[PDB]
Peer 1: 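My structure is below; once you've seen it, I'll send some questions.
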Number of protein chains: 2
Amino acid sequence: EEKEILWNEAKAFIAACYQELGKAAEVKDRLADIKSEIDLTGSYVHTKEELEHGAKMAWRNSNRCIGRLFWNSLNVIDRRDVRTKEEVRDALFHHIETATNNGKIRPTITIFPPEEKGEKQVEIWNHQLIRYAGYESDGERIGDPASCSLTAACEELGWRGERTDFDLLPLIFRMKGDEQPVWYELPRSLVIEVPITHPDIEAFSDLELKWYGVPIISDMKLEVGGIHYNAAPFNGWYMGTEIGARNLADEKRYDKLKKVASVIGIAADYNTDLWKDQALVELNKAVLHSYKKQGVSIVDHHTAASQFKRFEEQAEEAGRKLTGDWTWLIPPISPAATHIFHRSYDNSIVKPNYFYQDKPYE
Amino acid sequence: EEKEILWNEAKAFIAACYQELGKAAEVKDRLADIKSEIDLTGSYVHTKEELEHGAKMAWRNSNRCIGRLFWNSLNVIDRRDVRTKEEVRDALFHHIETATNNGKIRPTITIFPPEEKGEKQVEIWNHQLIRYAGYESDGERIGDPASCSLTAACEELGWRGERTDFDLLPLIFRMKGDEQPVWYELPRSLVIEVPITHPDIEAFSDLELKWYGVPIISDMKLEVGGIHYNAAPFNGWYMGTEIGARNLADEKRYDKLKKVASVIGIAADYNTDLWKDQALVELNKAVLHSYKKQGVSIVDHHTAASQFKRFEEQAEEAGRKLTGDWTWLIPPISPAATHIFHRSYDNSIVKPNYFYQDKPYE
Ligand code: HEM
Ligand code: HEM
Ligand SMILES: Cc1cc(N)nc(CCc2cccc([C@H](N)Cc3cc(C)cc(N)n3)c2)c1
Ligand SMILES: Cc1cc(N)nc(CCc2cccc([C@H](N)Cc3cc(C)cc(N)n3)c2)c1
Ligand SMILES: C[C@H](O)[C@H](O)[C@H]1CNc2nc(N)[nH]c(=O)c2N1
Ligand SMILES: C[C@H](O)[C@H](O)[C@H]1CNc2nc(N)[nH]c(=O)c2N1
Ligand SMILES: [Cl-]
Ligand SMILES: [Cl-]
């Protein structure tokens with residue numbers, strides 16, 4: 001069965017890919033070469049062109065993604081050549097540097113050797129390359145709760161965090177053959193952080209909030225024509241709400257609304273006052289203002305939704321069926337102010353794509 | 001086929017209804033009586049108890065409804081006896097009076113004779129008993145756009161609106177036998193309206209906004225054990241967001257955000273300013289404050305979601321499967337601040353229930 005699944009996925013993918021690249025005539029010959037190669041090695045290897053475009057197709061088919069308008073400009077880094085943990089480490093270090101680009105963030109994906117027989121060559125433990133640790137012991141809550149299990153896992157392996165609310169977790173990953181993963185402290189010079197300040201409420205700085213510049217997902221598998229790249233970290237820039245409406249606001253995350261309500265000078269006593277709503281808006285204004293002032297890319301949810309509308313229009317013009325997840329595409333603040341809220345979307349899964357995968361710790 | 005569908009729905013309904021009312025032993029005898037009656041008349045008649053409880057079951061199974069915690073206290077008015085348009089008119093007039101209750105709104109449903117052979121006995125044209133007209137001619141936009149087609153329909157039948165932004169549409173309905181519906185002007189004394197003011201921005205009154213006190217849906221069919229009550233208007237009280245985040249804010253409705261931005265003294269120029277978000281919160285604060293000051297019932301979206309959580313808990317305790325529509329249950333402002341946003345719901349249709357139906361005009 002396994003051999004056949006790969007072949008079927010490859011026929012579908014190559015034809016679709018070469019079709020877009022104006023290479024429909026090369027499909028016959030390429031499929032042959034692939035069919036012999038699977039017949040031989042139990043698998044096949046993508047050409048650089050097939051890989052770069054499959055990465056892009058995969059972004060375009062991400063139903064939960066509002067920022068898809070720029071799918072075609074994804075910067076793809078082909079690192080299928082790495083064999084050593086120093087090489088993986090440096091590749092990750094580099095991806096951070098190049099994607100950050102001094103604040104002018106470039107959407108980038110680094111692609112490591114794929115699973116062989118389901119066997120991973122490189123196994124990244126990070127959820128994101130850049131993330132804050134989290135600690136909960138003796139009712140004492142420090143940092144990001146979402147990171148608690150990975151934090152303890154690191155501390156099993158001999159890492160120790162300073163236990164501020166913003167400890168950068170180290171990179172942690174395991175190579176095929178090693179029973180344990182390795183960890184490397186992130187160089188502070190590679191990581192941009194943005195202190196949160198409000199455009200005109202000076203007291204807002206007293207909260208001493210901050211967030212990292214670049215969200216770099218490293219826990220999803222890229223599947224491209226039957227080939228499974230379990231290790232392919234990718235990034236864009238942030239939409240302001242992700243920091244202001246979720247990461248800093250959620251009760252299960254940094255839970256800062258009451259404190260925000262205090263510094264913006266309103267009461268947090270009555271539901272009918274809409275204090276949470278109001279704190280939410282000011283905090284999200286703070287996040288947007290702060291990133292802009294630092295010269296770090298970021299998009300507000302109105303602009304993002306405007307962009308996404310162009311993406312729907314563009315898909316219609318190209319004759320491509322559009323797919324999406326309404327429940328993720330709506331922003332968690334003022335959703336009814338975007339066009340997204342008022343239409344619906346077909347949530348079908350089209351390949352290539354990115355798929356969540358089980359993490360080894362817990 | 002038709003006879004059989006009714007029977008099947010009735011078996012299911014009676015058993016479930018008598019089960020909850022502690023009347024499981026009466027099910028055998030009642031089902032017999034029903035089976036003979038359908039055998040005879042092509043249909044069957046509900047007992048007052050079956051009707052009141054079916055109305056309540058139907059509210060409880062409304063997936064899109066966040067206010068379901070109070071399903072069991074629904075006030076049911078049995079008006080299956082009406083035969084004349086003066087009687088329907090007075091029944092509607094009364095429902096408005098009793099439900100409004102001087103501002104202390106009582107959740108109420110008035111139930112008119114059901115469809116016979118799919119043949120309606122009473123056909124209500126209103127979307128809601130109380131609603132504002134809408135006019136669009138020569139690029140001139142007046143009132144509520146959502147009401148445009150019903151407004152023209154009324155004006156075909158010889159009604160004429162003053163063309164303010166808040167003309168109360170008349171009641172309009174058609175009796176079986178009549179080719180045309182009749183219309184009756186709503187007595188201003190029956191209708192409570194709330195001028196919108198802000199707790200501390202005095203200029204907010206310059207917008208001269210207002211809204212009606214009681215939302216009374218009159219375009220949905222109540223289906224109870226195979227019997228179809230196409231005419232069964234029902235009401236609760238408003239959740240603040242429905243007025244502030246949708247009715248007054250939507251571009252396709254009253255579209256007031258830019259004007260709100262002006263009176264609250266902020267710029268409506270940059271997306272990154274989150275001016276729409278901020279206008280939204282102040283306008284929703286205004287709506288809550290205004291209804292409270294007038295002594296008219298209303299719930300804010302935080303309290304409503306708190307209530308709805310009790311409803312989920314209550315359903316689990318009673319051994320009832322919970323059903324709901326996540327896309328409607330989340331409020332259109334600060335949804336991620338409610339528990340609803342973070343879980344998911346089974347959107348299955350359970351009967352009894354309320355179903356939308358085609359309107360005769362357009
Ligand atoms: C360039 C700017 C980008 C913006 C503003 C953007 C925006 C977003 C947002 C707001 C989400 C929802 C995240 C959440 O709620 O947790 C999201 C999810 C996602 N984005 Fe993007 N995105 C961008 C670039 C990218 C890139 C480069 C990729 C990959 C090639 C991508 C693929 C995805 C995927 C797969 C998800 C879903 C992740 C999951 O299922 O947990 N996006 N995006
Ligand atoms: C007592 C206070 C109540 C509150 C606060 C409440 C709240 C809401 C809200 C916010 C919606 C969404 C409306 C929209 O977005 O257009 C809704 C929908 C709905 N509610 Fe309620 N509700 C209440 C009472 C009732 C009652 C008495 C019934 C009927 C017995 C009911 C049945 C429904 C139904 C059927 C819908 C969906 C209508 C549709 O599909 O268009 N609710 N409710
Ligand atoms: C490229 C990119 C750009 C951008 N602006 N934002 C992002 C944020 C993506 C993201 C972040 C945190 C958590 C999750 C997801 N919530 C993590 C997750 C967990 C589980 C169990 C399943 C699943 N599908 N996902 C997804 C990505
Ligand atoms: C009892 C009650 C209490 C409360 N607080 N609010 C309400 C508001 C209900 C409502 C109002 C306007 C428009 C729609 C619906 N949007 C009207 C509609 C249209 C169509 C085509 C389908 C469909 N299912 N519905 C539904 C009701
Ligand atoms: C088509 C799309 O699902 C539509 O915008 C829905 C979304 N959820 C909603 N939720 C509520 N409460 N009211 C609505 O009218 C809608 N519209
Ligand atoms: C289970 C439920 O659908 C869940 O809360 C979803 C809702 N939509 C979301 N949308 C975004 N952007 N991010 C999320 O984490 C979620 N969570
Ligand atoms: Cl994030
Ligand atoms: Cl309404």
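FYI, side chains are in, hydrogens and waters are out, and symmetry mates aren't considered; it's all heavy atoms of this structure. Ligands are counted one by one from 1 in listed order, and the atoms in each one are counted from 1 as well. Chain letters run A, B, ... following the sequence lines, proteins first, then strands; residues in each count from 1.
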Peer 1: Using heavy-atom distances only, which candidate in A:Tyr356, A:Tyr354, A:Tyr238, A:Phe234 approaches atom 18 (C) of ligand 3 most closely?
Peer 2: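 Comparing heavy atoms across A:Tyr356, A:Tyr354, A:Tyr238, A:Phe234, the nearest one to atom 18 (C) of ligand 3 lies in A:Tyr356.
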Peer 1: Relative to the heavy atoms of A:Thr327, which atoms of ligand 6 are at a distance of less than 4.0 Å?
Peer 2: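 Per the distance check, 7 (C), 8 (N), 9 (C), 10 (N).
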Peer 1: Report the nearest protein non-hydrogen atom to atom 11 (C) of ligand 3: residue, atom name, distance rounded to 0.1 Å.
Peer 2: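 Protein heavy atom at minimum distance: A:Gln128 NE2, 3.5 Å.
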Peer 1: Minimum distance, heavy atoms only, to atom 16 (N) of ligand 3: which one of A:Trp328, A:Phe355, A:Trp237 is it?
Peer 2: A:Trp328
Peer 1: Looking only at protein heavy atoms, which one is nearest to atom 12 (N) of ligand 5, and what is the separation?
Peer 2: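 Nearest protein contact, heavy atoms only, for atom 12 (N) of ligand 5 is B:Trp328 O, 3.4 Å.
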Peer 1: Got an N/O contact under 3.5 Å between A:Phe341 and ligand 5?
Peer 2: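 Among all N and O atoms of A:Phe341, at least one is under 3.5 Å from an N or O of ligand 5.
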Peer 1: Show, in sequence, the C-alpha distance, side-chain angles and deciding distance for B:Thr272 and A:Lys292, and conclude whether the side chain to side chain contact (heavy atoms under 4.5 Å, CB included) test is met.
Peer 2: CA-CA 9 Å; B:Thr272 54; A:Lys292 291 159 73 64; 3.8 Å; yes
Peer 1: Is there a donor-acceptor pair closer than 3.5 Å between any side-chain N or O of B:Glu316 and the backbone N or O of B:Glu313?
Peer 2: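 It does not hold such a pair.
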Peer 1: Does a sphere of radius 6.0 Å around CD in B:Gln357 hold more than 12 heavy atoms from other residues, nucleotides or ligands, not counting ones at 6.0 Å or beyond?
Peer 2: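 Atom CD in B:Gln357 is packed in, count exceeds 12.
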Peer 1: Would A:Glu242 count as a polar contact of ligand 3, with the cut-off being nitrogen or oxygen pairs under 3.5 Å?
Peer 2: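 Between A:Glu242 and ligand 3, an N or O pair is found under 3.5 Å apart.
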Peer 1: If you count every heavy atom of other residues, nucleotides or ligands that lies below 6.0 Å from A:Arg343 atom CZ, does the total exceed 12?
Peer 2: yes
Peer 1: Can a non-hydrogen atom of A:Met220 be found less than 4.0 Å from any atom of ligand 3?
Peer 2: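 Under 4.0 Å: no for A:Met220.
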Peer 1: Could you check A:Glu312 against A:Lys309 for salt bridge (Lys or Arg N to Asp or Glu O under 4.0 Å), going step by step and ending with a plain yes or no?
Peer 2: CA-CA 5 Å; A:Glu312 306 178 33; A:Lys309 193 202 278 192; over 6 Å; no
Peer 1: Below 3.5 angstrom, do we get any N/O pair linking A:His127 and ligand 3?
Peer 2: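 Between A:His127 and ligand 3, no N or O pair is found under 3.5 Å apart.
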Peer 1: With heavy-atom distances below 4.5 Å as the criterion, would you say the side chains of A:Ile111 and A:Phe234 are in contact?
Peer 2: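 Result no, sub-4.5 Å side-chain heavy-atom pair not found.
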Peer 1: Taking 4.0 Å as the limit for heavy-atom contacts, which would you say applies to A:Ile217 with ligand 3: side chain only, backbone only, both, or neither?
Peer 2: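 For A:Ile217, only side-chain atoms sit under 4.0 Å from ligand 3.
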Peer 1: Using a strict 4.0 Å cut-off to heavy atoms of A:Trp326, name the atoms of ligand 5 that fall inside it.
Peer 2: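 So the atoms of ligand 5 that pass are 7 (C).
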Peer 1: Out of the candidates A:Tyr212, A:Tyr132, A:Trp211, A:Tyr135, only one should pair with A:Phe166 under the ring-ring contact (aromatic ring centres under 6.0 Å, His included) rule; please name it.
Peer 2: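 Exactly one option meets the ring-ring contact (aromatic ring centres under 6.0 Å, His included) with A:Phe166, and it is A:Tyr132.
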Peer 1: Closest non-hydrogen protein atom to atom 24 (N) of ligand 3, residue and atom name please, with distance?
Peer 2: A:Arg64 NH1, 3.2 Å
Peer 1: For residues A:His301 and A:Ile333, determine if any side-chain heavy atom of one lies less than 4.5 Å from a side-chain heavy atom of the other.
Peer 2: yes
Peer 1: For a quick test of reading the model, state the closest non-hydrogen atom pair linking B:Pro233 to B:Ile124 and the distance between them.
Peer 2: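 Where B:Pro233 meets B:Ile124 most closely, the heavy atoms are CD-CD1, 4.1 Å.
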Peer 1: Under 4.0 Å, heavy-atom basis, I'd like to know which part of A:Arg246 is in contact with ligand 6: side chain, backbone, both or neither.
Peer 2: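 The part of A:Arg246 near ligand 6 is the side chain, not the backbone.
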